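Structure data (mmCIF, C-alpha atoms and all ligand atoms) from work.cif:
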```cif
data_entry
#
loop_
_atom_site.label_atom_id
_atom_site.label_comp_id
_atom_site.auth_asym_id
_atom_site.auth_seq_id
_atom_site.Cartn_x
_atom_site.Cartn_y
_atom_site.Cartn_z
CA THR K 1 -16.67 -8.41 -12.78
CA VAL K 2 -15.64 -4.73 -12.99
CA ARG K 3 -18.54 -2.34 -12.41
CA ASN K 4 -19.10 0.68 -14.64
CA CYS K 5 -19.29 3.79 -12.44
CA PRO K 6 -19.92 7.09 -14.23
CA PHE K 7 -21.35 8.23 -10.89
CA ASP K 8 -23.83 10.50 -12.68
CA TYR K 9 -26.83 9.85 -10.41
CA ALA K 10 -28.31 13.26 -9.70
CA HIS K 11 -31.93 12.84 -8.56
CA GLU K 12 -32.68 15.42 -5.82
CA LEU K 13 -30.90 14.26 -2.63
CA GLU K 14 -31.82 10.60 -3.02
CA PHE K 15 -29.03 8.16 -2.27
CA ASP K 16 -27.31 6.71 -5.36
CA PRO K 17 -28.89 3.25 -5.81
CA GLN K 18 -25.64 1.87 -7.24
CA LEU K 19 -23.67 2.92 -4.17
CA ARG K 20 -26.35 1.43 -1.92
CA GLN K 21 -26.27 -1.88 -3.80
CA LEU K 22 -22.46 -2.11 -3.56
CA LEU K 23 -22.52 -1.31 0.15
CA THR K 24 -25.05 -4.10 0.63
CA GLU K 25 -23.96 -6.76 -1.90
CA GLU K 26 -20.28 -6.19 -2.85
CA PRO K 27 -18.70 -3.97 -0.18
CA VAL K 28 -15.13 -4.29 -1.54
CA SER K 29 -15.40 -4.25 -5.32
CA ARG K 30 -13.55 -3.37 -8.52
CA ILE K 31 -14.82 -0.38 -10.48
CA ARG K 32 -14.02 1.62 -13.59
CA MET K 33 -14.63 5.36 -13.46
CA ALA K 34 -15.14 8.03 -16.10
CA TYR K 35 -11.47 9.09 -16.39
CA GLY K 36 -8.02 7.76 -15.64
CA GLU K 37 -6.69 4.35 -16.50
CA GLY K 38 -7.52 0.90 -15.26
CA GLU K 39 -9.66 -0.17 -12.37
CA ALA K 40 -9.89 0.82 -8.73
CA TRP K 41 -11.06 -0.86 -5.58
CA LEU K 42 -14.14 0.72 -4.03
CA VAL K 43 -14.46 0.39 -0.25
CA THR K 44 -17.90 1.15 1.20
CA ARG K 45 -18.36 -0.08 4.79
CA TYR K 46 -17.71 2.27 7.71
CA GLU K 47 -15.11 0.03 9.35
CA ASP K 48 -13.26 -0.53 6.05
CA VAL K 49 -13.26 3.18 5.18
CA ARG K 50 -11.89 3.81 8.68
CA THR K 51 -9.09 1.34 7.91
CA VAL K 52 -8.16 2.71 4.48
CA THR K 53 -8.05 6.32 5.67
CA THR K 54 -5.88 5.58 8.76
CA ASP K 55 -3.69 2.56 7.93
CA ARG K 56 -0.30 3.84 6.79
CA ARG K 57 -0.05 1.18 4.08
CA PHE K 58 -2.56 3.22 2.02
CA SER K 59 -0.80 6.29 0.65
CA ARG K 60 -1.79 9.62 -0.88
CA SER K 61 1.80 10.52 -1.84
CA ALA K 62 1.93 7.45 -4.09
CA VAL K 63 -0.94 8.93 -6.14
CA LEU K 64 1.54 11.50 -7.48
CA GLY K 65 2.23 10.79 -11.14
CA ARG K 66 -0.62 8.31 -11.59
CA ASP K 67 -3.37 8.80 -14.17
CA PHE K 68 -5.70 7.72 -11.43
CA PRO K 69 -9.36 6.64 -11.72
CA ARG K 70 -11.39 9.76 -11.12
CA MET K 71 -14.50 11.77 -11.92
CA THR K 72 -13.07 14.78 -13.78
CA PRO K 73 -10.98 14.60 -16.97
CA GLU K 74 -8.25 16.74 -15.39
CA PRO K 75 -7.47 16.01 -11.73
CA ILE K 76 -8.47 18.73 -9.31
CA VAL K 77 -5.57 17.90 -7.00
CA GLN K 78 -2.21 19.54 -7.55
CA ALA K 79 1.28 18.12 -7.14
CA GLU K 80 2.21 20.23 -4.10
CA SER K 81 -1.12 19.94 -2.29
CA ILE K 82 -1.67 18.79 1.28
CA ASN K 83 -4.10 16.23 -0.19
CA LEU K 84 -1.20 14.27 -1.70
CA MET K 85 1.06 14.24 1.37
CA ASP K 86 1.39 11.39 3.88
CA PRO K 87 2.10 11.47 7.62
CA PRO K 88 4.36 12.58 9.16
CA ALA K 89 5.05 15.21 6.46
CA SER K 90 1.35 16.01 6.12
CA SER K 91 1.04 16.35 9.91
CA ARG K 92 3.24 19.44 10.20
CA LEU K 93 1.39 21.38 7.49
CA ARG K 94 -2.01 20.18 8.68
CA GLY K 95 -1.05 21.32 12.17
CA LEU K 96 -0.06 24.73 10.84
CA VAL K 97 -3.32 25.48 9.11
CA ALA K 98 -5.33 23.84 11.92
CA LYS K 99 -3.95 26.55 14.22
CA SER K 100 -6.05 29.09 12.31
CA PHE K 101 -9.21 27.11 13.18
CA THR K 102 -8.82 26.39 16.91
CA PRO K 103 -12.01 26.51 19.01
CA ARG K 104 -11.03 29.95 20.28
CA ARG K 105 -10.28 31.07 16.70
CA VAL K 106 -13.58 30.16 15.10
CA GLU K 107 -15.57 31.44 18.07
CA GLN K 108 -13.71 34.74 17.67
CA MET K 109 -14.73 34.63 13.99
CA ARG K 110 -18.36 33.94 14.85
CA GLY K 111 -19.23 37.56 15.58
CA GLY K 112 -17.98 38.62 12.17
CA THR K 113 -19.87 35.80 10.48
CA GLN K 114 -23.03 36.74 12.37
CA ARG K 115 -22.67 40.25 10.93
CA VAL K 116 -22.27 38.90 7.37
CA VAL K 117 -25.35 36.69 7.79
CA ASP K 118 -27.31 39.58 9.29
CA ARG K 119 -26.44 41.76 6.29
CA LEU K 120 -27.24 39.08 3.71
CA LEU K 121 -30.65 38.49 5.34
CA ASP K 122 -31.24 42.25 5.64
CA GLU K 123 -30.65 42.60 1.91
CA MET K 124 -32.91 39.64 1.10
CA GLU K 125 -35.66 41.05 3.32
CA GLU K 126 -35.35 44.47 1.67
CA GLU K 127 -35.69 43.03 -1.84
CA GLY K 128 -38.91 41.31 -0.72
CA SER K 129 -40.47 37.84 -1.01
CA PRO K 130 -39.91 35.60 -2.96
CA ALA K 131 -36.14 35.24 -3.37
CA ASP K 132 -33.52 32.73 -4.46
CA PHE K 133 -31.92 31.43 -1.26
CA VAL K 134 -28.91 30.29 -3.30
CA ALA K 135 -28.15 33.69 -4.81
CA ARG K 136 -29.00 35.54 -1.58
CA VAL K 137 -27.50 33.32 1.14
CA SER K 138 -25.88 29.98 0.35
CA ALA K 139 -23.67 31.20 -2.51
CA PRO K 140 -22.33 34.45 -0.96
CA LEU K 141 -21.76 33.47 2.68
CA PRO K 142 -18.91 30.91 2.25
CA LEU K 143 -17.19 32.93 -0.48
CA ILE K 144 -17.15 36.04 1.72
CA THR K 145 -15.96 34.01 4.71
CA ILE K 146 -12.96 32.37 3.07
CA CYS K 147 -12.00 35.44 1.03
CA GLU K 148 -12.07 37.63 4.12
CA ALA K 149 -9.83 35.11 5.91
CA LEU K 150 -7.36 35.01 3.01
CA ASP K 151 -7.68 38.79 2.49
CA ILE K 152 -8.74 38.44 -1.16
CA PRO K 153 -9.84 41.71 -2.85
CA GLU K 154 -13.61 41.79 -3.37
CA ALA K 155 -13.12 42.57 -7.06
CA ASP K 156 -11.37 39.21 -7.63
CA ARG K 157 -13.87 36.92 -5.90
CA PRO K 158 -16.25 36.18 -8.83
CA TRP K 159 -13.26 35.34 -11.05
CA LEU K 160 -11.76 32.99 -8.46
CA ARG K 161 -15.04 31.16 -7.85
CA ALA K 162 -15.74 30.86 -11.58
CA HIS K 163 -12.34 29.24 -12.08
CA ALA K 164 -12.84 26.85 -9.15
CA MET K 165 -16.21 25.79 -10.54
CA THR K 166 -14.66 25.01 -13.94
CA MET K 167 -12.30 22.57 -12.23
CA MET K 168 -15.26 20.64 -10.72
CA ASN K 169 -16.88 19.84 -14.09
CA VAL K 170 -17.20 16.14 -15.02
CA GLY K 171 -17.77 16.67 -18.75
CA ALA K 172 -15.09 15.34 -21.07
CA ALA K 173 -15.03 18.34 -23.40
CA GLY K 174 -14.28 20.66 -20.47
CA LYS K 175 -10.82 19.19 -19.85
CA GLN K 176 -8.91 21.97 -21.58
CA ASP K 177 -11.01 24.62 -19.79
CA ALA K 178 -10.23 22.89 -16.49
CA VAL K 179 -6.49 22.75 -17.28
CA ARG K 180 -6.55 26.47 -18.09
CA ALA K 181 -8.62 27.33 -15.01
CA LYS K 182 -6.19 25.46 -12.76
CA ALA K 183 -3.20 27.18 -14.37
CA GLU K 184 -4.75 30.65 -14.10
CA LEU K 185 -5.73 30.10 -10.46
CA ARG K 186 -2.25 28.74 -9.73
CA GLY K 187 -0.68 31.81 -11.32
CA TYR K 188 -2.94 34.13 -9.32
CA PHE K 189 -1.90 32.47 -6.08
CA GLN K 190 1.78 32.17 -6.98
CA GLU K 191 1.82 35.95 -7.46
CA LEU K 192 -0.30 36.70 -4.40
CA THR K 193 1.55 34.41 -2.00
CA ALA K 194 4.90 35.69 -3.27
CA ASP K 195 3.73 39.22 -2.45
CA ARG K 196 2.63 38.24 1.07
CA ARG K 197 5.85 36.31 1.78
CA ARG K 198 7.93 39.28 0.57
CA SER K 199 5.89 41.87 2.52
CA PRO K 200 3.88 40.19 5.29
CA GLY K 201 0.60 41.57 6.60
CA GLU K 202 -1.74 40.17 9.27
CA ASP K 203 -3.84 37.91 7.00
CA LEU K 204 -3.90 34.11 6.89
CA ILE K 205 -1.73 33.86 3.77
CA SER K 206 0.94 36.02 5.42
CA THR K 207 0.71 33.79 8.52
CA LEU K 208 1.31 30.68 6.41
CA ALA K 209 4.10 32.44 4.49
CA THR K 210 6.08 33.39 7.60
CA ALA K 211 5.74 30.09 9.49
CA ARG K 212 9.18 28.66 10.26
CA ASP K 213 10.81 25.73 12.07
CA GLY K 214 14.31 26.61 11.02
CA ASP K 215 13.34 26.63 7.35
CA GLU K 216 10.02 27.96 6.16
CA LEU K 217 7.35 25.29 6.65
CA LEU K 218 6.07 25.85 3.08
CA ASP K 219 8.29 26.37 0.09
CA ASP K 220 7.17 28.90 -2.52
CA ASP K 221 5.14 26.39 -4.56
CA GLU K 222 3.64 24.65 -1.53
CA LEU K 223 2.60 28.07 -0.19
CA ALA K 224 0.94 29.05 -3.48
CA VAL K 225 -0.91 25.74 -3.70
CA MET K 226 -1.97 25.83 -0.04
CA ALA K 227 -3.54 29.27 -0.46
CA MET K 228 -5.28 28.06 -3.63
CA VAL K 229 -6.55 24.89 -1.91
CA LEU K 230 -7.96 26.95 0.96
CA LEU K 231 -9.80 29.24 -1.46
CA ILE K 232 -11.26 26.34 -3.47
CA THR K 233 -12.26 24.18 -0.49
CA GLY K 234 -13.62 27.15 1.45
CA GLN K 235 -16.16 28.14 -1.19
CA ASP K 236 -17.65 24.96 -2.63
CA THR K 237 -19.01 22.33 -0.21
CA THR K 238 -20.20 24.87 2.38
CA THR K 239 -22.22 26.71 -0.26
CA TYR K 240 -23.66 23.45 -1.52
CA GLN K 241 -24.45 22.17 1.99
CA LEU K 242 -26.19 25.43 2.93
CA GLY K 243 -28.43 24.84 -0.08
CA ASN K 244 -28.85 21.11 0.52
CA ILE K 245 -29.74 21.63 4.19
CA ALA K 246 -32.18 24.43 3.33
CA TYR K 247 -33.92 22.20 0.77
CA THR K 248 -34.02 19.32 3.26
CA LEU K 249 -35.51 21.44 6.05
CA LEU K 250 -38.04 23.08 3.69
CA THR K 251 -39.25 19.64 2.48
CA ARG K 252 -39.33 17.95 5.93
CA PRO K 253 -42.06 19.85 7.79
CA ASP K 254 -41.96 17.95 11.08
CA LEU K 255 -38.18 18.38 11.24
CA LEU K 256 -38.38 22.12 10.54
CA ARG K 257 -41.18 22.54 13.08
CA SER K 258 -39.01 20.82 15.70
CA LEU K 259 -36.20 23.32 15.11
CA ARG K 260 -38.59 26.27 15.32
CA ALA K 261 -40.06 24.91 18.56
CA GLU K 262 -36.64 24.13 20.13
CA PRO K 263 -33.80 26.02 18.47
CA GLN K 264 -31.21 24.49 20.83
CA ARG K 265 -31.67 21.27 18.82
CA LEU K 266 -29.85 22.86 15.87
CA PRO K 267 -26.23 21.70 16.52
CA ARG K 268 -27.22 18.04 16.95
CA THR K 269 -29.70 18.27 14.07
CA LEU K 270 -27.02 19.73 11.79
CA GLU K 271 -24.78 16.77 12.63
CA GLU K 272 -27.51 14.36 11.53
CA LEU K 273 -28.22 16.39 8.39
CA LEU K 274 -24.52 16.21 7.53
CA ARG K 275 -24.50 12.43 8.07
CA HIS K 276 -27.58 11.88 5.91
CA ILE K 277 -27.26 14.25 2.91
CA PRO K 278 -25.47 12.78 -0.15
CA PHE K 279 -23.52 15.92 -0.81
CA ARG K 280 -21.28 14.66 -3.64
CA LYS K 281 -21.46 12.44 -6.69
CA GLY K 282 -19.27 9.35 -6.58
CA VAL K 283 -15.89 9.35 -4.86
CA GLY K 284 -12.94 11.72 -4.59
CA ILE K 285 -9.17 11.33 -4.29
CA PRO K 286 -7.96 7.72 -4.00
CA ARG K 287 -5.06 6.13 -2.14
CA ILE K 288 -2.46 3.62 -3.35
CA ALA K 289 -1.66 0.39 -1.55
CA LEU K 290 2.04 0.47 -0.71
CA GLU K 291 2.16 -3.32 -0.31
CA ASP K 292 -0.14 -6.33 -0.42
CA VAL K 293 -2.84 -5.92 2.25
CA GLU K 294 -5.81 -8.18 2.99
CA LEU K 295 -8.69 -5.76 3.59
CA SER K 296 -11.72 -7.50 5.14
CA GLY K 297 -10.74 -10.73 3.41
CA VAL K 298 -9.91 -9.15 0.03
CA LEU K 299 -6.27 -9.10 -1.09
CA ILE K 300 -5.37 -5.62 -2.36
CA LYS K 301 -2.12 -5.72 -4.32
CA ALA K 302 0.81 -3.33 -3.99
CA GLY K 303 0.22 -0.45 -6.37
CA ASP K 304 -3.56 -0.90 -6.58
CA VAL K 305 -5.80 2.18 -6.50
CA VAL K 306 -8.22 2.23 -3.54
CA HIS K 307 -11.26 4.52 -3.38
CA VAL K 308 -13.47 5.02 -0.33
CA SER K 309 -17.09 6.13 -0.22
CA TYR K 310 -17.76 8.31 2.77
CA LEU K 311 -21.41 8.47 1.67
CA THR K 312 -21.90 4.69 1.98
CA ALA K 313 -19.99 4.71 5.28
CA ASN K 314 -22.60 7.17 6.57
CA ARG K 315 -25.38 4.72 5.57
CA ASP K 316 -23.76 1.59 7.02
CA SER K 317 -26.27 -0.22 9.23
CA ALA K 318 -23.36 -1.89 11.04
CA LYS K 319 -22.74 1.54 12.58
CA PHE K 320 -26.01 3.52 12.28
CA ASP K 321 -29.28 1.80 13.18
CA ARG K 322 -31.97 2.54 10.56
CA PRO K 323 -29.26 4.33 8.53
CA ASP K 324 -31.57 5.82 5.89
CA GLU K 325 -33.72 7.55 8.53
CA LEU K 326 -32.92 11.19 9.24
CA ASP K 327 -33.18 11.00 13.03
CA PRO K 328 -31.78 13.98 14.99
CA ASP K 329 -32.26 12.04 18.24
CA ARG K 330 -30.25 8.97 17.23
CA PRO K 331 -27.25 8.05 19.41
CA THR K 332 -24.28 10.19 18.43
CA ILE K 333 -21.71 8.34 16.32
CA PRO K 334 -19.04 10.22 14.33
CA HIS K 335 -20.13 10.58 10.71
CA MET K 336 -17.73 10.67 7.75
CA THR K 337 -19.04 13.74 5.93
CA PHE K 338 -15.86 15.64 6.85
CA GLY K 339 -13.78 12.63 5.91
CA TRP K 340 -11.72 10.49 8.22
CA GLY K 341 -8.19 9.85 9.33
CA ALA K 342 -5.04 11.50 8.04
CA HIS K 343 -6.88 13.78 5.59
CA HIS K 344 -9.90 14.68 7.70
CA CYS K 345 -11.29 18.08 6.66
CA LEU K 346 -9.20 20.96 8.01
CA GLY K 347 -12.10 23.40 7.56
CA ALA K 348 -14.71 21.41 9.49
CA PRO K 349 -14.92 23.76 12.52
CA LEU K 350 -15.31 26.78 10.24
CA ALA K 351 -17.94 25.11 8.05
CA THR K 352 -19.87 23.97 11.12
CA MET K 353 -19.89 27.51 12.52
CA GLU K 354 -21.11 28.94 9.20
CA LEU K 355 -23.96 26.43 9.08
CA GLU K 356 -24.91 27.13 12.71
CA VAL K 357 -24.83 30.92 12.34
CA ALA K 358 -26.74 30.83 9.06
CA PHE K 359 -29.52 28.48 10.09
CA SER K 360 -29.95 29.71 13.68
CA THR K 361 -30.39 33.27 12.34
CA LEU K 362 -32.51 32.20 9.35
CA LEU K 363 -34.94 30.26 11.55
CA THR K 364 -35.62 33.13 13.94
CA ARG K 365 -35.60 35.96 11.37
CA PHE K 366 -38.08 34.28 8.98
CA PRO K 367 -40.61 32.27 11.01
CA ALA K 368 -42.80 31.79 7.90
CA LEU K 369 -40.00 30.68 5.56
CA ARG K 370 -41.23 28.18 2.97
CA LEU K 371 -40.15 26.82 -0.38
CA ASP K 372 -41.90 28.90 -3.06
CA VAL K 373 -42.20 26.08 -5.64
CA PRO K 374 -43.23 22.42 -5.47
CA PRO K 375 -40.13 20.49 -4.35
CA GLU K 376 -40.06 18.54 -7.62
CA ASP K 377 -39.62 21.83 -9.51
CA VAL K 378 -36.22 22.38 -7.87
CA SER K 379 -33.41 21.74 -10.37
CA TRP K 380 -30.31 19.82 -9.29
CA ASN K 381 -26.79 20.09 -10.63
CA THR K 382 -25.60 17.47 -13.11
CA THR K 383 -22.32 18.99 -14.35
CA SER K 384 -20.29 19.01 -11.09
CA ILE K 385 -18.76 16.44 -8.76
CA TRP K 386 -20.93 18.01 -6.02
CA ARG K 387 -24.68 17.69 -5.48
CA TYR K 388 -26.61 20.92 -4.96
CA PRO K 389 -29.75 22.80 -6.00
CA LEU K 390 -29.24 25.26 -8.84
CA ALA K 391 -31.74 27.67 -7.27
CA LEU K 392 -34.00 27.56 -4.23
CA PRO K 393 -36.97 29.94 -4.43
CA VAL K 394 -38.23 30.79 -0.94
CA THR K 395 -41.00 32.94 0.46
CA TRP K 396 -41.60 34.34 3.94
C1 LIG Z 1 -19.80 21.34 4.86
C2 LIG Z 1 -18.60 21.72 4.41
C3 LIG Z 1 -17.42 20.76 4.13
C4 LIG Z 1 -17.42 19.44 3.89
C5 LIG Z 1 -18.63 18.49 3.81
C6 LIG Z 1 -16.06 19.00 3.72
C7 LIG Z 1 -15.66 17.71 3.46
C8 LIG Z 1 -14.36 17.31 3.23
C9 LIG Z 1 -13.94 16.00 2.76
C10 LIG Z 1 -14.91 14.83 2.49
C11 LIG Z 1 -12.60 16.02 2.65
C12 LIG Z 1 -11.67 14.89 2.13
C13 LIG Z 1 -11.11 13.90 3.13
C14 LIG Z 1 -10.22 12.98 2.33
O1 LIG Z 1 -9.49 13.44 1.39
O2 LIG Z 1 -10.23 11.77 2.63
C15 LIG Z 1 -12.15 17.35 3.03
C16 LIG Z 1 -10.84 17.76 3.03
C17 LIG Z 1 -10.41 19.05 3.17
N1 LIG Z 1 -11.22 20.14 3.45
FE1 LIG Z 1 -13.22 20.13 3.67
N2 LIG Z 1 -15.24 20.12 3.84
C18 LIG Z 1 -16.05 21.22 4.11
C19 LIG Z 1 -15.61 22.51 4.31
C20 LIG Z 1 -14.30 22.92 4.23
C21 LIG Z 1 -13.82 24.27 4.46
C22 LIG Z 1 -14.76 25.45 4.81
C23 LIG Z 1 -12.49 24.29 4.26
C24 LIG Z 1 -11.48 25.46 4.37
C25 LIG Z 1 -11.74 26.61 4.99
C26 LIG Z 1 -12.08 22.95 3.95
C27 LIG Z 1 -10.78 22.55 3.73
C28 LIG Z 1 -10.39 21.25 3.50
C29 LIG Z 1 -9.04 20.83 3.24
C30 LIG Z 1 -7.82 21.79 3.20
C31 LIG Z 1 -9.04 19.49 3.04
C32 LIG Z 1 -7.83 18.57 2.73
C33 LIG Z 1 -7.25 18.01 4.02
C34 LIG Z 1 -6.08 17.06 3.80
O3 LIG Z 1 -6.00 16.43 2.70
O4 LIG Z 1 -5.21 16.93 4.72
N3 LIG Z 1 -13.20 22.14 3.93
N4 LIG Z 1 -13.25 18.11 3.36
#
```

Would you put the structure from the file into structure tokens?
Amino acid sequence: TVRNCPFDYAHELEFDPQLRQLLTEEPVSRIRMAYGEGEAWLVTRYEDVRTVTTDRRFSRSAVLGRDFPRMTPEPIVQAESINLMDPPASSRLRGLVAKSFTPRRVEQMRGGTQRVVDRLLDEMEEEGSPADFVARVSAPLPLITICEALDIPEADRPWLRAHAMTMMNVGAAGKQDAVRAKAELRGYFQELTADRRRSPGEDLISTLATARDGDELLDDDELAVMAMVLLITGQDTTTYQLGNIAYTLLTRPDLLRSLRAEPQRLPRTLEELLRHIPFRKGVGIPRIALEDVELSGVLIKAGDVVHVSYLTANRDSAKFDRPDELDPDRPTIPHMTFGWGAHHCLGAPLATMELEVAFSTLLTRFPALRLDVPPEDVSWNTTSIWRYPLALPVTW
């Protein structure tokens, strides 16, 4: 009665058939994952994911100390992270970093991001066709963006990203590498944040370090971990989504033609691309039931582990008509690709702006952009919790 879920489906950007079957046939189910102990509930329907991520009887703080069902042999989350805080404690720190991503703030960052994108595309154009869109655009843009915000020295950026990637590996033998990568990244940020708290500058880390409401909002360890979390989160999914969206556009000719004909369609089209693309393998950080709760007729016991699938929520026909169709003109309904509820993505406005600047500029600068290989020759990542193309040869 307990499903085996290695969550290793990795075929292109096709939806995981196991996740689709559970959404359809067993929407609240018991699963066993690659690592951690015991079973977990898996919640798949949009309305039920909405419940689990907002109802205060499902807790992230209670995950602390558990060897919880998960996809990587060492957990990516850290003890002091915002991910493992509950409201109202999580609200104050979420509100603090959200201040750095207000609508005025990201629109004041947009000019600088436009200049980065212009330079990346200049360099790609100078090297000449064909090129790897991953190496030239999707990999560098988010790393530059978050490292400029955190004021990270350019010389350190490859080392930081390499360590973050090690933590995302699902292979069992990589556990000790992942433990070491997490410890070395934590040490880097403990030292860096201590320096910025001691001697503040005008960067984001200094802003977080000096924030007070009587006491400092972040103690020394919370500050170190928050800077580390912002680096890690800022440079993975946005890189992978730039690549996933590029592949999708370059293999959907009517959709790409529509964006070339009417570029003002891009913001709404990007929202539908985000809803549709299965950008991760499996499921992420669970929650713990704090007491017995009957979720859509299923009794979840106090202490049980509860996982949500945002990917199945995005394909729930109860919410999205013809959910497997990529339809940029469909009625607008909030998707779950940035999560939901108390832990909704803090970087969503920044990621959205990066996607809009990159693709709006790409589409006008390279009107003959095409994939330079048959789509089936594109290789897709198997080693990570994320889904992404390893390389994307393009011509123009
Ligand atoms: C297309 C790009 C992105 C996607 C699809 C994405 C998606 C997500 C998802 C699914 C979650 C988890 C929600 C949960 O735990 O239930 C999350 C959380 C988070 N994201 Fe993102 N994200 C993106 C970009 C970013 C960026 C650029 C940043 C930082 C600059 C960022 C920072 C965070 C943080 C700090 C959290 C944890 C929030 C909390 O637990 O309170 N994300 N994101």

Query raised in the report: Which residues, written as number ranges by chain, have at least one atom at most 10 Å from stretch 146-152 of chain K, with only C-alpha atoms counted and residues fewer than 3 positions away on the same chain left out?
Result: K: 100, 109, 141-143, 155-157, 160, 192, 201-207, 227-228, 230-235, 350

Report task. Using only C-alpha atoms, find all polymer residues with an atom at most 7 Å away from the point (-13.5, 17.7, 7.1); report them as an MDAnalysis selection string. Result -> chainID K and resid 337:339 344:348

Requested in this report: Give me, please, the distance in Å between atom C9 of ligand LIG 1 (chain Z) and atom CA of residue K:391, quoted to one decimal.
Outcome: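 It comes out at 23.5 Å.
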
Report task. Quick one: pull the distance between atom CA of residue K:165 and atom CA of residue K:200, Å, one decimal. Result ->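 Between these atoms lies a distance of 29.4 Å.
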
Report task. For stretch 367-382 of chain K, please output as a ChimeraX atom specification all residues within 8 Å (counting only C-alpha atoms; exclusion window: fewer than 5 positions along the same chain). Result -> /K:8,10-12,130,247,250-251,260,387-396

Report task. Considering only C-alpha atoms, state which residue in the set K:182, K:20, K:276, K:115 is at the smallest distance from residue K:323. Result ->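 Closest to residue K:323, using only C-alpha atoms: K:276.
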
Report task. Please measure the separation of atom CA of residue K:359 and atom CA of residue K:106, giving the value in Å to one decimal. Result ->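 Distance reported for this atom pair: 16.8 Å.
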
**Report entry** Distance query stretch 310-318 of chain K at most 10 Å, all atoms listed in the file, self and fewer than 4 positions along chain excluded, as a PyMOL selection string
**Finding:** chain K and resi 15-16+19-24+27+43-50+274-284+322-325+333-340

Query raised in the report: Which residue out of K:361, K:138, K:193, K:210 has the minimum interatomic distance to ligand LIG 1 (chain Z) when all atoms listed in the file are used?
Result: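 Ranking K:361, K:138, K:193, K:210 by distance to ligand LIG 1 (chain Z), first place goes to K:138.
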
Query raised in the report: Counting all atoms listed in the file, which of K:68, K:58, K:7, K:133 gets nearest to ligand LIG 1 (chain Z)?
Result: K:58

Centre, edges in Å (one decimal): axis-aligned box, ligand LIG 1 (chain Z), 6 Å padding on all six sides, as lines of an AutoDock Vina configuration file:
```
center_x = -12.5
center_y = 19.2
center_z = 3.2
size_x = 26.6
size_y = 26.8
size_z = 15.6
```

Query raised in the report: Pick the closest to ligand LIG 1 (chain Z) from K:101, K:188, K:41, K:366: which is it, counting all atoms listed in the file?
Result: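 Using all atoms listed in the file, ligand LIG 1 (chain Z) sits closest to K:101.
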
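Restricting the calculation to only C-alpha atoms and all ligand atoms, the smallest distance between ligand LIG 1 (chain Z) and any of K:104, K:343, K:180, K:3 is found for K:343.
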
Requested in this report: Please determine the residues with any atom at most 9 Å from (1.1, 9.4, -0.7) (coordinates as given in the file, with only C-alpha atoms counting) and report them as a PyMOL selection string.
Outcome: chain K and resi 58-64+83-87+287-288+290

**Report entry** Which residue of K:351, K:224, K:5, K:124 approaches ligand LIG 1 (chain Z) most closely, using only C-alpha atoms and all ligand atoms
**Finding:**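 Under the stated criterion, the closest residue is K:351.
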